[PDB]
Participant: 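The structure's right below; bear with me while I get my questions together.
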Amino acid sequence: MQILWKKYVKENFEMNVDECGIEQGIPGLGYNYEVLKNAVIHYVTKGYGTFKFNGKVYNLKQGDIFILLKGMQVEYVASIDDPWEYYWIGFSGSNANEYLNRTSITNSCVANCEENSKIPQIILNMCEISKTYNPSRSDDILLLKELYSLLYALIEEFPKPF
Amino acid sequence: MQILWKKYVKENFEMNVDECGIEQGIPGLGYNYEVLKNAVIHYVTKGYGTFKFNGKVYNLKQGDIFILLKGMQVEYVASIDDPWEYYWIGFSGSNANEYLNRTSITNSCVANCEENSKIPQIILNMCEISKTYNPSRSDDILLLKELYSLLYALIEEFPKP
Ligand SMILES: OC[C@H]1O[C@@H](O[C@H]2[C@H](O)[C@@H](O)[C@H](O)O[C@@H]2CO)[C@H](O)[C@@H](O)[C@H]1O
Ligand SMILES: OC[C@H]1O[C@@H](O[C@H]2[C@H](O)[C@@H](O)[C@H](O)O[C@@H]2CO)[C@H](O)[C@@H](O)[C@H]1O
């Protein structure tokens with residue numbers, strides 16, 4: 001029921017691309033679970049949905065981001081009228097977790113990408129690569145390069161105060 | 001002596017930027033040693049020098065690359081007439097060593113960059129960052145991003161079959 005759901009092996013422990021996904025929601029349907037994966041950033045490419053976390057209910061649309069971190073009790077559901085499509089990057093590693101603690105997003109776990117954000121292009125590009133993933137053509141190197149670019153862009157656009 | 005020689009800590013074991021350097025050579029002077037560092041790619045930005053490895057003697061110039069790998073007995077010397085300047089990136093890690101085994105450059109340890117090579121810009125950019133390295137502005141993330149771009153560019157331009 002996903003356009004794309006590429007799951008990668010966990011062979012790197014400093015920086016690792018765990019999975020890349022694309023899902024068109026069905027109206028009024030979503031997911032309600034305790035997050036098991038290390039970290040999963042979602043980018044809303046179309047339509048509307050809601051993200052519920054820690055007593056707060058966010059009405060998200062095209063351009064918005066939400067991030068799932070291990071242990072979060074979450075619910076995210078497509079709108080009954082105009083159901084969202086989202087792209088996601090799951091990632092892990094000691095370096096990945098250190099870089100996430102340098103961004104302001106890991107508190108509220110929701111954000112909006114600005115006009116000239118570099119984040120949408122990186123997430124879309126990582127999902128594009130994932131559709132024809134070929135490690136013998138060194139797609140593994142390119143995905144890690146993009147993951148470093150993505151975490152740099154998150155810190156650049158959503159900095160924690162120094 | 002070196003206008004730049006930034007040495008970094010070895011804290012990453014999958015991919016690590018070990019050092020970045022810029023050296024204008026002195027005529028007829030060079031180095032003659034067994035390489036201790038994991039991997040060190042040099043890009044010749046001007047003049048001429050020679051790289052001697054395993055009985056072969058290479059006359060290099062602007063645009064050329066040579067790579068030092070741990071254990072290589074090497075000699076590299078600036079030309080008397082027109083001494084080279086080179087930029088270098090030292091790097092290590094299991095991923096780094098796997099990706100190096102995917103490029104044809106680790107056979108001869110020498111290459112020439114094509115007209116529109118992406119390699120010069122990356123090495124120059126990593127040395128530029130190294131001059132004002134500020135980890136609290138996440139320069140550490142940017143240098144590893146550039147190292148992944150560099151190894152990708154080496155494989156793209158100098159592939160094994
Ligand atoms: O991981 C992003 C992905 O999450 C799916 O939800 C899964 C989750 O991945 C898995 O760890 C958990 O055990 O089950 C969840 C399904 O209830 C979403 O289905 C998918 O749309 C993405 O959001
Ligand atoms: O590492 C590139 C750098 O090497 C210098 O030579 C050093 C080398 O780094 C060190 O490991 C070894 O013990 O001694 C060498 C000096 O003899 C070069 O001086 C420098 O120009 C770069 O090529």
Side-chain angles (χ1 to χ4, degrees), chain A residues 8-18 38-39 41 89 91-106 118-119 121-123 125-126 128-129 133-161, chain B residues 8-18 38-39 41 89 91-106 118-119 121-123 125-126 128-129 132-161:
Chain A
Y8 296 98
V9 181
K10 176 68 182 157
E11 48 189 23
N12 307 121
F13 305 102
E14 289 162 5
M15 190 73 73
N16 195 76
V17 180
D18 298 339
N38 177 77
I41 185 166
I89 314 298
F91 59 94
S92 55
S94 43
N95 287 354
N97 286 340
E98 186 188 324
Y99 307 156
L100 273 184
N101 299 353
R102 299 185 192 175
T103 189
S104 59
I105 58 168
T106 53
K118 295 189 126 74
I119 291 158
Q121 191 176 35
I122 296 158
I123 293 176
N125 191 48
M126 292 185 70
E128 201 64 33
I129 294 162
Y133 179 62
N134 192 347
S136 80
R137 307 208 190 294
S138 287
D139 281 342
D140 57 334
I141 308 182
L142 197 56
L143 282 172
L144 276 164
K145 197 259 275 163
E146 287 296 81
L147 183 52
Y148 278 94
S149 299
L150 179 59
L151 289 164
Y152 188 82
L154 287 177
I155 290 158
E156 177 72 35
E157 295 178 21
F158 303 103
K160 214 141 128 172
Chain B
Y8 298 98
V9 175
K10 174 66 184 158
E11 259 162 26
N12 305 125
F13 304 103
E14 282 160 14
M15 190 70 76
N16 195 78
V17 181
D18 298 339
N38 175 79
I41 185 170
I89 315 296
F91 59 96
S92 55
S94 45
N95 291 170
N97 286 342
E98 187 186 334
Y99 305 157
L100 275 180
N101 296 347
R102 298 189 194 172
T103 182
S104 61
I105 59 106
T106 54
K118 298 176 137 208
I119 291 159
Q121 188 172 283
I122 295 161
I123 293 173
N125 191 49
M126 292 181 72
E128 263 317 282
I129 294 163
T132 64
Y133 179 62
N134 190 348
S136 79
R137 310 192 174 199
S138 286
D139 280 343
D140 58 333
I141 307 184
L142 193 56
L143 281 174
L144 278 166
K145 198 265 291 146
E146 286 293 80
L147 182 50
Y148 277 94
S149 300
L150 178 58
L151 289 163
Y152 188 82
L154 286 179
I155 290 158
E156 168 77 14
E157 294 180 20
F158 303 104
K160 281 207 186 167

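Heavy atoms only: backbone and side chains are in, while hydrogens, waters and symmetry mates are out. Below, read A as the first sequence line, B as the second, and so on, with proteins coming before strands; counting in each chain starts at 1.
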Participant: Do A:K145 and B:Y152 touch side chain to side chain, with heavy atoms closer than 4.5 Å?
Facilitator: no
Participant: Hey, could you give me the CG/OG distance between A:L142 and B:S149, rounded to the nearest 0.5 Å?
Facilitator: 8.5 Å
Participant: Using heavy-atom distances under 4.5 Å, tell me whether B:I141 contacts chain A through its side chain, its backbone, both, or neither.
Facilitator: both
Participant: Please name the pair of heavy atoms, one in B:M15 and one in A:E14, separated by the smallest distance, quoted to 0.1 Å.
Facilitator: N-OE1, 4.1 Å
Participant: To the nearest 0.5 Å, tell me how far A:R137 CZ sits from B:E156 CD.
Facilitator: 11.5 Å
Participant: May I ask you to list the residues in residues 92-102 of chain B that approach chain A closer than 4.5 angstrom, counting heavy atoms only, ordered by number?
Facilitator: B:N95, B:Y99, B:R102
